[PDB]
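Everything below belongs to start_35.cif, which stores mmCIF, C-alpha atoms and all ligand atoms; chains and numbers go by the auth columns.
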```cif
data_target
loop_
_atom_site.group_PDB
_atom_site.id
_atom_site.type_symbol
_atom_site.label_atom_id
_atom_site.label_comp_id
_atom_site.label_asym_id
_atom_site.label_seq_id
_atom_site.Cartn_x
_atom_site.Cartn_y
_atom_site.Cartn_z
_atom_site.B_iso_or_equiv
_atom_site.auth_seq_id
_atom_site.auth_asym_id
ATOM 1 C CA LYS A 1 17.891 2.876 -1.788 0.00 1 G
ATOM 2 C CA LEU A 2 20.958 1.613 -3.723 0.00 2 G
ATOM 3 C CA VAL A 3 21.102 -1.912 -2.284 0.00 3 G
ATOM 4 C CA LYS A 4 17.270 -2.227 -2.529 0.00 4 G
ATOM 5 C CA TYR A 5 17.154 -1.178 -6.198 0.00 5 G
ATOM 6 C CA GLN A 6 20.176 -3.413 -7.047 0.00 6 G
ATOM 7 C CA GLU A 7 18.291 -6.384 -5.665 0.00 7 G
ATOM 8 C CA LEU A 8 15.066 -5.619 -7.491 0.00 8 G
ATOM 9 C CA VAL A 9 16.766 -5.064 -10.873 0.00 9 G
ATOM 10 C CA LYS A 10 18.770 -8.278 -10.412 0.00 10 G
ATOM 11 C CA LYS A 11 15.637 -10.215 -9.540 0.00 11 G
ATOM 12 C CA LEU A 12 13.641 -8.987 -12.554 0.00 12 G
ATOM 13 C CA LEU A 13 16.462 -9.580 -15.007 0.00 13 G
ATOM 14 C CA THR A 14 17.174 -12.991 -13.580 0.00 14 G
ATOM 15 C CA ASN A 15 13.483 -13.926 -14.063 0.00 15 G
ATOM 16 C CA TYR A 16 13.564 -12.931 -17.672 0.00 16 G
ATOM 17 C CA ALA A 17 16.922 -14.563 -18.422 0.00 17 G
ATOM 18 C CA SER A 18 15.977 -17.799 -16.690 0.00 18 G
ATOM 19 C CA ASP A 19 12.719 -17.964 -18.698 0.00 19 G
ATOM 20 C CA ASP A 20 14.419 -17.372 -22.102 0.00 20 G
ATOM 21 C CA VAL A 21 14.192 -20.429 -24.362 0.00 21 G
ATOM 22 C CA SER A 22 16.768 -19.400 -27.003 0.00 22 G
ATOM 23 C CA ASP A 23 18.207 -22.561 -28.673 0.00 23 G
ATOM 24 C CA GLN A 24 21.612 -24.097 -28.072 0.00 24 G
ATOM 25 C CA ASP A 25 23.155 -21.800 -30.703 0.00 25 G
ATOM 26 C CA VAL A 26 22.212 -18.634 -28.861 0.00 26 G
ATOM 27 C CA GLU A 27 23.630 -17.949 -25.421 0.00 27 G
ATOM 28 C CA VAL A 28 21.384 -16.225 -22.904 0.00 28 G
ATOM 29 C CA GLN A 29 23.614 -13.915 -20.869 0.00 29 G
ATOM 30 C CA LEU A 30 22.914 -12.219 -17.594 0.00 30 G
ATOM 31 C CA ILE A 31 25.335 -9.354 -16.999 0.00 31 G
ATOM 32 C CA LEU A 32 25.418 -7.799 -13.572 0.00 32 G
ATOM 33 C CA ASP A 33 28.043 -5.088 -12.956 0.00 33 G
ATOM 34 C CA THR A 34 27.486 -4.029 -9.380 0.00 34 G
ATOM 35 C CA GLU A 35 30.399 -1.558 -9.289 0.00 35 G
ATOM 36 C CA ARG A 36 29.232 0.690 -12.132 0.00 36 G
ATOM 37 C CA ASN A 37 25.583 -0.459 -11.826 0.00 37 G
ATOM 38 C CA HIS A 38 24.908 -1.761 -15.340 0.00 38 G
ATOM 39 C CA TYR A 39 22.589 -4.774 -15.650 0.00 39 G
ATOM 40 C CA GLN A 40 21.675 -6.572 -18.864 0.00 40 G
ATOM 41 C CA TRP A 41 19.919 -9.599 -20.328 0.00 41 G
ATOM 42 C CA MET A 42 21.525 -10.583 -23.683 0.00 42 G
ATOM 43 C CA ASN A 43 21.151 -13.032 -26.506 0.00 43 G
ATOM 44 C CA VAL A 44 24.514 -13.808 -28.221 0.00 44 G
ATOM 45 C CA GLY A 45 25.005 -16.464 -30.887 0.00 45 G
ATOM 46 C CA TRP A 46 24.001 -17.573 -34.358 0.00 46 G
ATOM 47 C CA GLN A 47 21.000 -18.843 -36.246 0.00 47 G
ATOM 48 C CA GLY A 48 22.489 -20.249 -39.452 0.00 48 G
ATOM 49 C CA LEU A 49 24.646 -17.488 -40.985 0.00 49 G
ATOM 50 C CA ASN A 50 22.740 -14.801 -39.092 0.00 50 G
ATOM 51 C CA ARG A 51 24.571 -13.222 -36.163 0.00 51 G
ATOM 52 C CA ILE A 52 22.325 -12.883 -33.099 0.00 52 G
ATOM 53 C CA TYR A 53 23.705 -10.110 -30.903 0.00 53 G
ATOM 54 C CA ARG A 54 21.116 -8.175 -28.918 0.00 54 G
ATOM 55 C CA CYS A 55 20.561 -6.704 -25.477 0.00 55 G
ATOM 56 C CA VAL A 56 16.985 -7.481 -24.636 0.00 56 G
ATOM 57 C CA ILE A 57 16.686 -5.432 -21.467 0.00 57 G
ATOM 58 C CA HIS A 58 19.214 -3.036 -19.936 0.00 58 G
ATOM 59 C CA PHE A 59 18.908 -1.248 -16.581 0.00 59 G
ATOM 60 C CA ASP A 60 21.366 1.159 -14.984 0.00 60 G
ATOM 61 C CA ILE A 61 21.246 2.591 -11.469 0.00 61 G
ATOM 62 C CA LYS A 62 22.517 6.173 -11.343 0.00 62 G
ATOM 63 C CA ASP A 63 22.079 8.786 -8.605 0.00 63 G
ATOM 64 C CA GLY A 64 19.363 6.912 -6.805 0.00 64 G
ATOM 65 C CA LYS A 65 17.219 6.041 -9.848 0.00 65 G
ATOM 66 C CA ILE A 66 16.759 3.027 -12.070 0.00 66 G
ATOM 67 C CA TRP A 67 17.238 3.826 -15.769 0.00 67 G
ATOM 68 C CA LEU A 68 15.596 1.626 -18.379 0.00 68 G
ATOM 69 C CA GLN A 69 17.942 1.852 -21.370 0.00 69 G
ATOM 70 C CA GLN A 70 16.670 -0.896 -23.664 0.00 70 G
ATOM 71 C CA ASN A 71 13.541 -3.057 -23.916 0.00 71 G
ATOM 72 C CA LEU A 72 13.127 -5.385 -26.938 0.00 72 G
ATOM 73 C CA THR A 73 10.285 -7.321 -25.318 0.00 73 G
ATOM 74 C CA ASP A 74 6.544 -6.721 -25.817 0.00 74 G
ATOM 75 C CA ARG A 75 6.317 -6.331 -22.048 0.00 75 G
ATOM 76 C CA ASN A 76 6.679 -3.357 -19.700 0.00 76 G
ATOM 77 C CA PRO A 77 9.625 -3.921 -17.290 0.00 77 G
ATOM 78 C CA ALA A 78 9.357 -0.376 -15.929 0.00 78 G
ATOM 79 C CA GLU A 79 5.822 -1.091 -14.753 0.00 79 G
ATOM 80 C CA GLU A 80 6.952 -4.414 -13.407 0.00 80 G
ATOM 81 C CA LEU A 81 9.445 -2.621 -11.211 0.00 81 G
ATOM 82 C CA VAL A 82 6.622 -0.333 -10.042 0.00 82 G
ATOM 83 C CA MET A 83 4.455 -3.362 -9.362 0.00 83 G
ATOM 84 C CA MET A 84 7.432 -4.618 -7.241 0.00 84 G
ATOM 85 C CA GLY A 85 7.685 -1.417 -5.171 0.00 85 G
ATOM 86 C CA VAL A 86 9.799 1.171 -7.060 0.00 86 G
ATOM 87 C CA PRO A 87 8.046 4.539 -7.174 0.00 87 G
ATOM 88 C CA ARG A 88 7.588 5.900 -10.650 0.00 88 G
ATOM 89 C CA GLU A 89 9.652 9.015 -9.866 0.00 89 G
ATOM 90 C CA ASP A 90 12.708 6.763 -9.303 0.00 90 G
ATOM 91 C CA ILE A 91 12.498 5.262 -12.794 0.00 91 G
ATOM 92 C CA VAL A 92 13.995 7.092 -15.720 0.00 92 G
ATOM 93 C CA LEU A 93 13.120 6.065 -19.247 0.00 93 G
ATOM 94 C CA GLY A 94 16.587 6.385 -20.784 0.00 94 G
ATOM 95 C CA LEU A 95 15.274 4.815 -23.940 0.00 95 G
ATOM 96 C CA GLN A 96 12.937 7.853 -24.328 0.00 96 G
ATOM 97 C CA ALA A 97 14.236 11.195 -25.566 0.00 97 G
ATOM 98 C CA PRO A 98 15.260 13.423 -22.638 0.00 98 G
ATOM 99 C CA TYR A 99 12.935 16.304 -23.332 0.00 99 G
ATOM 100 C CA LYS A 100 9.898 13.995 -22.982 0.00 100 G
ATOM 101 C CA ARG A 101 10.655 12.670 -19.508 0.00 101 G
ATOM 102 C CA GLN A 102 9.275 15.565 -17.427 0.00 102 G
ATOM 103 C CA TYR A 103 5.918 14.994 -19.160 0.00 103 G
ATOM 104 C CA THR A 104 5.964 11.183 -18.645 0.00 104 G
ATOM 105 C CA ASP A 105 4.687 9.644 -15.446 0.00 105 G
ATOM 106 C CA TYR A 106 8.252 8.538 -14.518 0.00 106 G
ATOM 107 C CA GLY A 107 11.265 10.589 -13.353 0.00 107 G
ATOM 108 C CA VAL A 108 14.043 12.698 -14.582 0.00 108 G
ATOM 109 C CA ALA A 109 17.754 12.263 -13.758 0.00 109 G
ATOM 110 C CA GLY B 1 43.200 -22.870 -13.834 0.00 1 L
ATOM 111 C CA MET B 2 42.711 -19.889 -11.596 0.00 2 L
ATOM 112 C CA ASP B 3 45.926 -18.046 -12.462 0.00 3 L
ATOM 113 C CA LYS B 4 45.014 -18.247 -16.123 0.00 4 L
ATOM 114 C CA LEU B 5 41.455 -17.053 -15.526 0.00 5 L
ATOM 115 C CA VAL B 6 42.620 -14.055 -13.524 0.00 6 L
ATOM 116 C CA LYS B 7 45.301 -13.301 -16.082 0.00 7 L
ATOM 117 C CA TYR B 8 42.716 -13.208 -18.825 0.00 8 L
ATOM 118 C CA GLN B 9 40.245 -11.172 -16.729 0.00 9 L
ATOM 119 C CA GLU B 10 42.905 -8.532 -16.123 0.00 10 L
ATOM 120 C CA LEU B 11 43.990 -8.372 -19.718 0.00 11 L
ATOM 121 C CA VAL B 12 40.431 -8.023 -20.963 0.00 12 L
ATOM 122 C CA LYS B 13 39.666 -5.289 -18.467 0.00 13 L
ATOM 123 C CA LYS B 14 42.884 -3.432 -19.314 0.00 14 L
ATOM 124 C CA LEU B 15 42.215 -3.576 -23.104 0.00 15 L
ATOM 125 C CA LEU B 16 38.605 -2.517 -22.767 0.00 16 L
ATOM 126 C CA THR B 17 39.551 0.333 -20.451 0.00 17 L
ATOM 127 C CA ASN B 18 42.271 1.312 -23.018 0.00 18 L
ATOM 128 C CA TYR B 19 39.675 1.165 -25.856 0.00 19 L
ATOM 129 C CA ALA B 20 37.106 3.218 -23.861 0.00 20 L
ATOM 130 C CA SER B 21 39.507 5.950 -22.649 0.00 21 L
ATOM 131 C CA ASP B 22 40.023 6.841 -26.347 0.00 22 L
ATOM 132 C CA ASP B 23 36.255 7.309 -26.907 0.00 23 L
ATOM 133 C CA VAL B 24 35.395 10.371 -29.009 0.00 24 L
ATOM 134 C CA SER B 25 31.628 10.524 -28.213 0.00 25 L
ATOM 135 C CA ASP B 26 29.727 13.671 -27.216 0.00 26 L
ATOM 136 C CA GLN B 27 28.929 14.716 -23.572 0.00 27 L
ATOM 137 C CA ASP B 28 25.318 13.518 -24.302 0.00 28 L
ATOM 138 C CA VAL B 29 26.662 10.022 -24.826 0.00 29 L
ATOM 139 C CA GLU B 30 27.924 7.988 -21.877 0.00 30 L
ATOM 140 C CA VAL B 31 30.819 5.580 -22.124 0.00 31 L
ATOM 141 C CA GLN B 32 29.794 2.504 -20.203 0.00 32 L
ATOM 142 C CA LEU B 33 32.299 -0.029 -19.022 0.00 33 L
ATOM 143 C CA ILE B 34 30.235 -3.076 -18.148 0.00 34 L
ATOM 144 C CA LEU B 35 32.436 -5.504 -16.297 0.00 35 L
ATOM 145 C CA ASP B 36 30.868 -8.600 -14.707 0.00 36 L
ATOM 146 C CA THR B 37 33.712 -10.595 -13.199 0.00 37 L
ATOM 147 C CA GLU B 38 31.465 -13.221 -11.631 0.00 38 L
ATOM 148 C CA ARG B 39 29.895 -14.290 -14.981 0.00 39 L
ATOM 149 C CA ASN B 40 32.832 -13.087 -17.100 0.00 40 L
ATOM 150 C CA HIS B 41 31.060 -10.676 -19.396 0.00 41 L
ATOM 151 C CA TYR B 42 32.848 -7.503 -20.383 0.00 42 L
ATOM 152 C CA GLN B 43 31.569 -4.675 -22.618 0.00 43 L
ATOM 153 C CA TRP B 44 32.304 -1.150 -23.736 0.00 44 L
ATOM 154 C CA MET B 45 29.080 0.588 -24.790 0.00 45 L
ATOM 155 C CA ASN B 46 28.024 4.053 -25.818 0.00 46 L
ATOM 156 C CA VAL B 47 24.619 5.010 -24.446 0.00 47 L
ATOM 157 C CA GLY B 48 22.761 8.305 -24.922 0.00 48 L
ATOM 158 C CA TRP B 49 21.248 10.707 -27.425 0.00 49 L
ATOM 159 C CA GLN B 50 22.381 12.737 -30.396 0.00 50 L
ATOM 160 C CA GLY B 51 19.445 15.011 -30.679 0.00 51 L
ATOM 161 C CA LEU B 52 16.423 12.723 -31.125 0.00 52 L
ATOM 162 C CA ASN B 53 18.627 9.857 -32.287 0.00 53 L
ATOM 163 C CA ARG B 54 19.129 7.101 -29.781 0.00 54 L
ATOM 164 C CA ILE B 55 22.753 5.977 -29.319 0.00 55 L
ATOM 165 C CA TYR B 56 22.859 2.485 -27.949 0.00 56 L
ATOM 166 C CA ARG B 57 25.726 0.368 -29.128 0.00 57 L
ATOM 167 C CA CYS B 58 28.280 -2.040 -27.971 0.00 58 L
ATOM 168 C CA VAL B 59 31.680 -1.193 -29.398 0.00 59 L
ATOM 169 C CA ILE B 60 33.513 -4.279 -28.064 0.00 60 L
ATOM 170 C CA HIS B 61 32.376 -7.264 -26.042 0.00 61 L
ATOM 171 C CA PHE B 62 34.529 -10.063 -24.541 0.00 62 L
ATOM 172 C CA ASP B 63 33.356 -13.085 -22.580 0.00 63 L
ATOM 173 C CA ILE B 64 35.499 -15.625 -20.772 0.00 64 L
ATOM 174 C CA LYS B 65 33.896 -19.051 -21.207 0.00 65 L
ATOM 175 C CA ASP B 66 35.507 -22.221 -19.938 0.00 66 L
ATOM 176 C CA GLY B 67 38.670 -20.233 -19.577 0.00 67 L
ATOM 177 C CA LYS B 68 38.754 -18.961 -23.216 0.00 68 L
ATOM 178 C CA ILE B 69 38.350 -15.352 -24.275 0.00 69 L
ATOM 179 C CA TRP B 70 35.459 -14.934 -26.742 0.00 70 L
ATOM 180 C CA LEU B 71 35.458 -11.816 -28.941 0.00 71 L
ATOM 181 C CA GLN B 72 31.758 -11.206 -29.518 0.00 72 L
ATOM 182 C CA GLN B 73 31.610 -7.737 -31.030 0.00 73 L
ATOM 183 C CA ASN B 74 34.152 -5.276 -32.487 0.00 74 L
ATOM 184 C CA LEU B 75 32.976 -2.087 -34.194 0.00 75 L
ATOM 185 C CA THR B 76 36.453 -0.549 -34.247 0.00 76 L
ATOM 186 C CA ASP B 77 38.972 -0.873 -37.050 0.00 77 L
ATOM 187 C CA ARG B 78 41.469 -2.317 -34.441 0.00 78 L
ATOM 188 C CA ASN B 79 42.211 -6.077 -34.078 0.00 79 L
ATOM 189 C CA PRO B 80 41.567 -6.870 -30.394 0.00 80 L
ATOM 190 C CA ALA B 81 42.381 -10.521 -30.950 0.00 81 L
ATOM 191 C CA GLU B 82 45.866 -9.674 -32.115 0.00 82 L
ATOM 192 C CA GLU B 83 46.258 -7.263 -29.286 0.00 83 L
ATOM 193 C CA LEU B 84 45.449 -9.985 -26.768 0.00 84 L
ATOM 194 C CA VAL B 85 48.020 -12.200 -28.442 0.00 85 L
ATOM 195 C CA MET B 86 50.590 -9.427 -28.259 0.00 86 L
ATOM 196 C CA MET B 87 49.603 -9.269 -24.553 0.00 87 L
ATOM 197 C CA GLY B 88 50.403 -13.030 -23.949 0.00 88 L
ATOM 198 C CA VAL B 89 47.107 -14.766 -24.759 0.00 89 L
ATOM 199 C CA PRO B 90 47.539 -17.981 -26.773 0.00 90 L
ATOM 200 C CA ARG B 91 45.687 -17.893 -30.156 0.00 91 L
ATOM 201 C CA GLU B 92 44.074 -21.104 -29.295 0.00 92 L
ATOM 202 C CA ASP B 93 42.459 -19.496 -26.206 0.00 93 L
ATOM 203 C CA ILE B 94 40.681 -16.812 -28.249 0.00 94 L
ATOM 204 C CA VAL B 95 37.356 -17.668 -29.880 0.00 95 L
ATOM 205 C CA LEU B 96 35.955 -15.435 -32.596 0.00 96 L
ATOM 206 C CA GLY B 97 32.336 -15.485 -31.443 0.00 97 L
ATOM 207 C CA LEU B 98 31.662 -12.771 -34.012 0.00 98 L
ATOM 208 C CA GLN B 99 32.546 -15.321 -36.793 0.00 99 L
ATOM 209 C CA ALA B 100 30.173 -18.127 -37.677 0.00 100 L
ATOM 210 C CA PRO B 101 30.718 -21.386 -35.803 0.00 101 L
ATOM 211 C CA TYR B 102 31.653 -23.462 -38.836 0.00 102 L
ATOM 212 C CA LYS B 103 34.601 -21.156 -39.572 0.00 103 L
ATOM 213 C CA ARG B 104 36.246 -20.982 -36.181 0.00 104 L
ATOM 214 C CA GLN B 105 38.408 -24.088 -36.483 0.00 105 L
ATOM 215 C CA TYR B 106 39.740 -22.549 -39.710 0.00 106 L
ATOM 216 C CA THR B 107 40.638 -19.151 -38.182 0.00 107 L
ATOM 217 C CA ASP B 108 43.935 -18.091 -36.721 0.00 108 L
ATOM 218 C CA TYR B 109 42.478 -18.500 -33.224 0.00 109 L
ATOM 219 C CA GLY B 110 40.551 -21.164 -31.328 0.00 110 L
ATOM 220 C CA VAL B 111 37.344 -23.013 -30.693 0.00 111 L
ATOM 221 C CA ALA B 112 35.397 -23.960 -27.565 0.00 112 L
HETATM 222 CL CL CL C . 28.388 -19.075 -30.897 0.00 201 G
HETATM 223 CL CL CL C . 30.559 3.142 -16.559 0.00 202 G
HETATM 224 CL CL CL C . 25.309 -3.046 -30.360 0.00 203 G
HETATM 225 CL CL CL C . 33.478 -22.653 -31.091 0.00 204 G
#
```

The structure in this file should be written as structure tokens.
Amino acid sequence: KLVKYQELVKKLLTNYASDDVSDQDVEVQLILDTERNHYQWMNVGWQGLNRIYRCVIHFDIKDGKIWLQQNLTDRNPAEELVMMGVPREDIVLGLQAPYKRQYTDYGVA
Amino acid sequence: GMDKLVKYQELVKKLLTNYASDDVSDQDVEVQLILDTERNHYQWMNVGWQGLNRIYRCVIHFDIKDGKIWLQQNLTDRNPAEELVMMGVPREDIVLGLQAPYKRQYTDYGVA
């Protein structure tokens, strides 16, 4: 499932990054590391004297599962992946405390 | 050109790998080396849990944009910009992205 899950995570993150309307002073970054399987959508820049430096969504792929590590949106990218064909057991909520995961409807490592 | 881009890619990856191999984090915290050589984004992050406390932080981040190395984040008490210089990177080809735009032309380094 590695190639399949790489393609799905890349597609979702690309959708979000391509739809991000941050102004000219904030760079929208898409970060795809296919060797260590770390995938991110970032905002990096400035609004006046305020530093904007934030990962909006982060997914890893580790041992056959997709790990959601960060979600700053009001949306549910884990369910979006499900809606796109990833079974819930193959999603790990990394951004949730480990002890909770076996009681969630998603997977464990 | 291309020799200069690859030079800078290698130097950034070597420094970050250097930085990350000195990590002191717990076994419950991963050290992530996030290296995108197609889009030229390079990070060292710590990702995990300390008890019920979420660890999610980028210790250093470099981009390479139009052939210049941008330092975007540095939570260490090291000076990665100076290290790159000591490694052969011209000052003028380093941009302090972590400094406000208006200041960059007045730093020791460079601008876009
Ligand atoms: Cl900027
Ligand atoms: Cl890694
Ligand atoms: Cl951070
Ligand atoms: Cl600049």

Wanna dump the chain G-chain L contacts at 9 Å for me, each residue with its shortest atom pair and the distance in Å to one decimal, counting all atoms listed in the file, ordered by chain and number, as JSON lines?
```
{"residue": "G:29", "atom": "CA", "partner": "L:41", "partner_atom": "CA", "distance": 8.3}
{"residue": "G:30", "atom": "CA", "partner": "L:39", "partner_atom": "CA", "distance": 7.7}
{"residue": "G:31", "atom": "CA", "partner": "L:36", "partner_atom": "CA", "distance": 6.0}
{"residue": "G:32", "atom": "CA", "partner": "L:36", "partner_atom": "CA", "distance": 5.6}
{"residue": "G:33", "atom": "CA", "partner": "L:36", "partner_atom": "CA", "distance": 4.8}
{"residue": "G:34", "atom": "CA", "partner": "L:36", "partner_atom": "CA", "distance": 7.8}
{"residue": "G:35", "atom": "CA", "partner": "L:35", "partner_atom": "CA", "distance": 8.3}
{"residue": "G:36", "atom": "CA", "partner": "L:34", "partner_atom": "CA", "distance": 7.2}
{"residue": "G:37", "atom": "CA", "partner": "L:34", "partner_atom": "CA", "distance": 8.3}
{"residue": "G:38", "atom": "CA", "partner": "L:34", "partner_atom": "CA", "distance": 6.2}
{"residue": "G:39", "atom": "CA", "partner": "L:34", "partner_atom": "CA", "distance": 8.2}
{"residue": "G:44", "atom": "CA", "partner": "L:72", "partner_atom": "CA", "distance": 7.8}
{"residue": "G:45", "atom": "CA", "partner": "L:97", "partner_atom": "CA", "distance": 7.4}
{"residue": "G:46", "atom": "CA", "partner": "L:100", "partner_atom": "CA", "distance": 7.0}
{"residue": "G:48", "atom": "CA", "partner": "L:100", "partner_atom": "CA", "distance": 8.2}
{"residue": "G:49", "atom": "CA", "partner": "L:100", "partner_atom": "CA", "distance": 6.5}
{"residue": "G:50", "atom": "CA", "partner": "L:100", "partner_atom": "CA", "distance": 8.3}
{"residue": "G:51", "atom": "CA", "partner": "L:98", "partner_atom": "CA", "distance": 7.4}
{"residue": "G:53", "atom": "CA", "partner": "L:72", "partner_atom": "CA", "distance": 8.2}
{"residue": "G:69", "atom": "CA", "partner": "L:47", "partner_atom": "CA", "distance": 8.0}
{"residue": "G:70", "atom": "CA", "partner": "L:56", "partner_atom": "CA", "distance": 8.3}
{"residue": "G:94", "atom": "CA", "partner": "L:48", "partner_atom": "CA", "distance": 7.7}
{"residue": "G:95", "atom": "CA", "partner": "L:54", "partner_atom": "CA", "distance": 7.4}
{"residue": "G:96", "atom": "CA", "partner": "L:54", "partner_atom": "CA", "distance": 8.3}
{"residue": "G:97", "atom": "CA", "partner": "L:52", "partner_atom": "CA", "distance": 6.2}
{"residue": "G:98", "atom": "CA", "partner": "L:49", "partner_atom": "CA", "distance": 8.1}
```

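Across the structure, CA of residue 78 (chain G) and CA of residue 19 (chain G) are spaced 18.1 Å apart.
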
What residues come out when you apply the PyMOL selection byres (((not hetatm)) within 7 of (chain G and resi 204)) to this file, written as a PDB file with C-alpha atoms, in the frame of the given file?
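Output file expr-v1.pdb is given in full below:
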```pdb
ATOM      1  CA  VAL L  95      37.356 -17.668 -29.880  1.00  0.00           C
ATOM      2  CA  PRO L 101      30.718 -21.386 -35.803  1.00  0.00           C
ATOM      3  CA  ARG L 104      36.246 -20.982 -36.181  1.00  0.00           C
ATOM      4  CA  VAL L 111      37.344 -23.013 -30.693  1.00  0.00           C
ATOM      5  CA  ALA L 112      35.397 -23.960 -27.565  1.00  0.00           C
TER       6      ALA L 112
END
```

Emit as lines of an AutoDock Vina configuration file the padded axis-aligned box for all listed atoms of region 2-12 of chain L, 3 Å per side, with centre and edge lengths in Å to one decimal.
```
center_x = 43.1
center_y = -14.0
center_z = -16.3
size_x = 11.7
size_y = 17.9
size_z = 15.4
```

Residues within 8 Å of (19.6, -13.0, -19.6), counting only C-alpha atoms, listed as a PyMOL selection string:
chain G and resi 13-14+16-18+20+28-31+40-43+56

Please evaluate the PyMOL selection byres (((chain G and resi 77) around 12) and not hetatm) against the structure above and give the resulting residues as a PyMOL selection string.
chain G and resi 8-9+11-13+15-16+56-59+66-76+78-84+86+91-93

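Here CA of residue 100 (chain G) stands at a distance of 28.4 Å from CA of residue 3 (chain G).
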
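This file, filtered with the PyMOL selection byres (((chain L and resi 66) around 10) and not hetatm), gives the residues residues 1, 5, 40, 63, 64, 65, 67, 68, 69, 70, 93 and 112 of chain L.
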
At what distance in Å, to one decimal, does CA of residue 26 (chain L) lie from CA of residue 104 (chain G)?
25.4 Å

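Distances here use only C-alpha atoms; by that measure, the residue among G:89, G:27, G:7, G:105 closest to residue 55 (chain G) is G:27.
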
Show me as number ranges by chain the residues that reach within 10 Å of (39.9, 1.4, -23.8), counting all atoms listed in the file and using the file's own coordinates.
L: 12-23, 33, 44, 60

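Between ligand CL 203 (chain G) and the residues L:59, L:87, L:94, L:24, the shortest atom-to-atom distance, using only C-alpha atoms and all ligand atoms, involves L:59.
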
Using all atoms listed in the file, which residue out of G:52, G:62, G:108, G:87 lies closest to ligand CL 203 (chain G)?
G:52
